[PDB]
Each structure stands twice: as C-alpha cells, then as structure tokens.
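Enquirer: Here is the sequence, then the experimental structure:
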Amino acid sequence: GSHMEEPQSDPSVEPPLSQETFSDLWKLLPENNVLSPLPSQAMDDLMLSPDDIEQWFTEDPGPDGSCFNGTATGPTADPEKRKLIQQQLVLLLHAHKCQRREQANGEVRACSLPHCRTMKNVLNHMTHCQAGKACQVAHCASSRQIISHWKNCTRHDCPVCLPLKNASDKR
Ligand SMILES: [Zn+2]
Ligand SMILES: [Zn+2]
Ligand SMILES: [Zn+2]
C-alpha cells in the first residue's frame, strides 16, 4: 500500500491515552485533539439535568443522612446509574473539544445543543474556580465530582474507566 500500519500496530510508536489525560483534558487541551465524540455515535439520548448528577455521585442530604428514592429505591450501584455517568462524562469531552474546534476554524459556529452549551460554560468556570465540590453553583459542584473520579481512580477494570479507555484507543 501507500502507507504502513506501524503507528497503530507497533508499541514502540503507538501513542495511546493515559490516566492523567482526562485530568488535564478539561483544563489546558489543544485545538488539534482527535477524541471529539460525534452526535451520530454519542449516547446523548440518555441526557439529564445538572441536578441529577448528584443522584449517581452522592452529596450529603443533611447531617442526619435523610434518605431518598435515588439512594434507597434505586441505589448508585445500579447498572443504569453507570450509563448516566458514562454518557454525561463523554459530553464533558465534547464540550471542551467543540469550543476548541470553533477556535481552530472561524468559518463555523459551535453547537445549538443545550447540554453542550451548558457544559462548555461550566468547564470555562471550573478552570478558574477555587471551591470546586463546595462551589455555590450546582452545575460546577456536580461536574467537580465527575472530574474527581479520574483523579482518584487507578484501575483498568472500572465501569466508568474501562469503556472510556476502550473508546479512546488512539493507536
Ligand atoms: Zn458541541
Ligand atoms: Zn465554581
Ligand atoms: Zn474509575
């Protein structure tokens, strides 16, 4: 053929994603990234409001632990709760890459998708924010729990990390 498969088939040149990539991604990412999730393949059909993020990554309801349907009727360990983390986390990637695509090409305009518009505003605040999980903006505080997952998790076999590492196979 006209080219070789070595950059994808040989471990001496293959440049795959690292566990620290997702931690820097939402802060300092360059305008030439290739992980950009497209609406034709992204599970955006499973979308939520920023307040429901607190149902899969828990925040205290009060000092007495006053339980609710989101913890007592349908616990955080349910398989459907994991789908909601995966689909929302993949959109934090889209919202950081979509804003960069417009910076790289002034002839086009960013998404009309309210979830993309929501997350790109949160990411541009969260990079300068100092309270994080304690921030008084519900959208900032909720997104910081998602960012805190990749910062503390180091496993290969995790219901959130495994499908992301499988999708980010940039060999
Ligand atoms: Zn977008
Ligand atoms: Zn904040
Ligand atoms: Zn994990």
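Expert: It's in. Numbering: from 1, shown residues only. Ligands and ions are numbered 1, 2, ... in the order given.
Enquirer: And ligand 1, is stretch 123-139 touching that?
Expert: No. Judged by CB under 5 Å from the ion, stretch 123-139 makes no contact with ligand 1; its nearest approach is 11.7 Å. All C-beta atoms are positioned from the backbone trio N, CA, C, and that covers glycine.
Enquirer: Contact partners for residue 55?
Expert: Listed by CB atoms under 8 Å, 6 or more residues apart in numbering, the contact set of residue 55 reads 70, 76, 81, 84.
Enquirer: Need the three-state assignment for the spatially most central residue of the chain.
Expert: By CA atoms, centre = their mean, the chain has its centre lying nearest to residue 89, at 2.5 Å. Secondary structure assignment for residue 89 (DSSP: H, G, I helix; E, B strand; the rest coil): helix.
Enquirer: In this structure it contacts residue 147, no?
Expert: No. In this structure, residue 89 is not within contact of residue 147 by CB atoms under 8 Å, at 9.3 Å.
Enquirer: list residues touching both of the two?
Expert: By CB under 8 Å, 6+ apart, no residue touches both residue 89 and residue 147.
Enquirer: how about the residues of the chain that lie near ligand 1?
Expert: 98, 111, 116.
Enquirer: Closest to ligand 2 out of those?
Expert: Closest approach to ligand 2 among the residues of the chain next to ligand 1 (CB to the ion): residue 116, at 19.2 Å.
Enquirer: tell me which parts of this structure are close to ligand 3?
Expert: So far as CB under 5 Å from the ion goes, the chain lies against ligand 3 at 153, 158, 160-161.
Enquirer: Give the buried subset of those residues as a ChimeraX selection command.
Expert: Selection of buried members from the residues of the chain next to ligand 3 for ChimeraX, criterion 16 or more other CB atoms under 10 Å:
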select :160,161
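Enquirer: give me the number of residues near residue 94?
Expert: Look at residue 94: counted by other CB atoms under 10 Å, it has 23 neighbours.
Enquirer: cool, the one 3 residues further on as well?
Expert: By other CB under 10 Å, the residues close to residue 97 number 18.
Enquirer: Give the helix, strand or coil label for it.
Expert: Assigned by three-state DSSP, the conformation of residue 97 is helix.
Enquirer: Hmm, it is touching residue 32, no?
Expert: No. Contact criterion CB under 8 Å: residue 97 and residue 32 do not qualify, at 10.1 Å.
Enquirer: For this structure, just list every one of the helices.
Expert: Remark: helices assigned in the chain by DSSP state H are 6-9, 21-28, 53-56, 69-72, 79-104, 114-126, 138-152, 161-167.
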